[PDB]
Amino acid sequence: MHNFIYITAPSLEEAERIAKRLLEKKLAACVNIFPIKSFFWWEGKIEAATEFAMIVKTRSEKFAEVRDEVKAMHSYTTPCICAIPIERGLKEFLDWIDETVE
């Protein structure tokens, strides 16, 4: 019913832009952002880049909208957008998420 949507962005500016858009459209309730260094295989070689990770807290049924909304404004042709399941959580906190996205 609840999940953490993990996404990476090229800069703090784009990360915050994506976060504010999801919140304004009520597709998520909270977003945590932090800098990371990435290494990935692309076109026959390992590439490294500084990026920003995002942890999007929302309802699982909102995954499709968050996914498509992010993809539409993201700099990457194929951005990382993965949903991680929440097994349990403080009721008060989870209820806040629901009232926010609903």
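A residue's number is simply how far along the shown sequence it sits, counting from 1.
Placement of the Cα temperature factor of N3 within the chain: middle third of the modelled residues, per the deposited record.
Per-chain ranking of the deposited C-alpha B factor places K37 in the lowest third.
Among all modelled residues in its chain, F52 ranks in the lowest third by Cα B-factor. Among the modelled residues of the chain, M73 sits in the highest third by CA temperature factor in this PDB entry.
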